[PDB]
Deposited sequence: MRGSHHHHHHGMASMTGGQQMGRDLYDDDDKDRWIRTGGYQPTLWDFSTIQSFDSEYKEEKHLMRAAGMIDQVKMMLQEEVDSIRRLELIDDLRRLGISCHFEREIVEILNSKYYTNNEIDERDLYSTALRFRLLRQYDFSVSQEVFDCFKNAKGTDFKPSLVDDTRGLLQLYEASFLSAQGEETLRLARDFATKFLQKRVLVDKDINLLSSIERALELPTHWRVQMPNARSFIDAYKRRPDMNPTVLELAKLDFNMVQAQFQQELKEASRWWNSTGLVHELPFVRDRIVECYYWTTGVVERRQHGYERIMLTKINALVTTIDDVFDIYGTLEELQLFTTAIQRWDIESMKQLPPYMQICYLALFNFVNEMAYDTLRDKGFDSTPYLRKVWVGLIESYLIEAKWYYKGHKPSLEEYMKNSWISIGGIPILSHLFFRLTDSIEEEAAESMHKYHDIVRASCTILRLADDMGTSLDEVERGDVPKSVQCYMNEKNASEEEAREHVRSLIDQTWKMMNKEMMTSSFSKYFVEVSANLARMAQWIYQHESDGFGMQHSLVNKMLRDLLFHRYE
C-alpha cells in the first residue's frame, strides 16, 4: 500500500519533530537508520542533530548512555565532537574508566559502539573499547542481552544497512517499547526495496547472459555478485550503480579465476600486456577464451567512459585504464611469485594485495558515477591513490583473507590472526579520519566506507560467506527473494 506508506512517513516525521524526550529522540533516530528507513528523514535528522545536540545540546553530559549515543550519532552524521565528552567518566587518576560503570549495561553498550567512530590517536576512545568490551563479554531485558551479543559480533559502525535491516526489524518488533507505525513502515519499506533489488538483479542477469562467458569459461555467480552491491551502494536512487557494480564484480571474479586457476603464465603475460595496450590490435595475441574475456571487460569499461564523457564532459579513460591495468598487473605479480619461489614479507604482500583484492576498479568507476562535476584535480587525488581508497581496499583484503600466500600465512597462529585483527582496527581508524576530512562527494565517501563494511559482512565470523548453506547465503535469499511477512 503506497497510500499507506506515504501516511506512515509523515507520522514518523511528526514524532521526530514532536518528541520532547531528548534521549528517546536519539534512540528513534538510531532505530530509523538500522531499520533501513532513515533516507525518508535524512534532512530532518541532520537538522535535529545540528539544532538540539550539536548546538543547544539537550543531553546531560554526566550520563554515560546519553553522552555516548550523542557522540556516535554526531560523528556518524559528520559533526565534530571531541573524545573528551568521555573525560567525565574516567577514574580519579584519569587512566581508565570508573569501575562503578560496570553496573550501567546499556551505558557500556553505547560506549562500546561509540568507540568505533575513533580516528587514530584518540586514546580515550581506545580505553573505552577495551573497558566496555571487557565488561560486556561474560556476565549475569532479553532484548538487551540480544543487542550486546550482536554488537560484540560486529559493531554497528561496521554494519552495512540493507543486508542487516531484516535482523534489526526482527529484534525491534520484540522490543516492549517499539512503535507499531515505525515497524509497519520498516517492513513495508523493506519489501518495496526488495522489489527494486529484484528488477536490478534481473537486469544484471540479462547482461551476464549476454556476455556468454558462462559457455566460454566452464558458472552463474551473479546473484552473489549482485548481493555485494546492496551493501556497498546504500542509496536508493543508485539502481544503475548497483547493476554496474555487479558487472565489475563479475568481470573481476572471472578474470581472477583466469589468473589463479586457468591460464598458463605465458597466456597471463599475453593478457596483461593486452590490457596494458588497451586496444583492439591486442586481440591478435590472445587465445579464444582470453579474447572474449578481454573484449567483455574492454567494452564494459569503455561504455562507462562514454557515459561519463556524455553526462559530465569529462574524459575518464586515462583513469579507468590505470585502475584496470593496475589490477591485472597485480594479478601477474602474484602469479610470478609462485614460479620464482618468492615468499613475500607481510609488508611486500600487503603492498600488492590491497590492489589485487580488486577494490580500486570498484571505487574508480563509482567515483565517476557518484560525483556531480568531475574536476581533474579531484580525479587525480582519488587515483593517487587517496588514503581513503587505500584504507577501504585494505579492509576489503584483510576481511577476505581472514575468511579463508595470505596475510596470516605471510605473517599460522592465533597470534598472526591477532595481528591482522589489529591491522583491521588500525585501518578503520585511518578510514574514519579520512571520512571526517574528505573533499570527495558524500556518496563516494559512503561507498568507500560501505565497501569495507560489506567485506566484513560477507566474511563475518571470520568465515567464507559463499563457501552452500552459509549463514550469508540464507541472508542473501532473505534479502533478495523472501518477502518480509
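Stretches of the deposited sequence absent from the structure, as judged by C-alpha coordinates, are 1-61, 202-205, 284-285, 472-481, 489-494, 551.
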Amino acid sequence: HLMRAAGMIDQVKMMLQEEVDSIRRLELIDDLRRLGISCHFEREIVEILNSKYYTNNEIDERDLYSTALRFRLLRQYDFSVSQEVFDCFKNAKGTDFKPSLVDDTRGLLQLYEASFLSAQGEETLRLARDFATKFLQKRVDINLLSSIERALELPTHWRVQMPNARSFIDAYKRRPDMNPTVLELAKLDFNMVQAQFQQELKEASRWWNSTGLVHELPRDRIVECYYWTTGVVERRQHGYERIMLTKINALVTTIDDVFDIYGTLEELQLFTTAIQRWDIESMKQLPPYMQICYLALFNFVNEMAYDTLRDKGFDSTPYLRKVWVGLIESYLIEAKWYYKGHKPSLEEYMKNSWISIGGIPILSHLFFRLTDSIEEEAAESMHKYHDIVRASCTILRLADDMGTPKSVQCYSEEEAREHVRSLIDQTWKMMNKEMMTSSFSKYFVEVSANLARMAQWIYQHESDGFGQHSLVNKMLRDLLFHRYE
From here on, numbers count along this sequence of modelled residues.
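For the pair 362-370 and 335-343, the record assigns the higher mean C-alpha temperature factor to 335-343. Of the two segments, 56-64 and 435-443, the one listed with the higher mean B-factor is 56-64 (C-alpha atoms only).
Residue-level inspection of the entry shows that, of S118, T211, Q291, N179, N179 has the top Cα B-factor. The residue among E413, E380, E234, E200 whose C-alpha carries the highest B-factor in the deposited model is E413. Ranked against the other modelled residues of its chain, the C-alpha B-factor of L396 as given in the entry falls in the lowest third. Ranked within its chain, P405 lands in the highest third, by CA B factor from the PDB record. In the PDB entry, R453 places in the lowest third of its chain by CA B-factor. Sort the chain's modelled residues by C-alpha temperature factor and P218 lands in the highest third, per the entry. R175 sits in the highest third of its chain by CA B factor, as recorded in the PDB entry.
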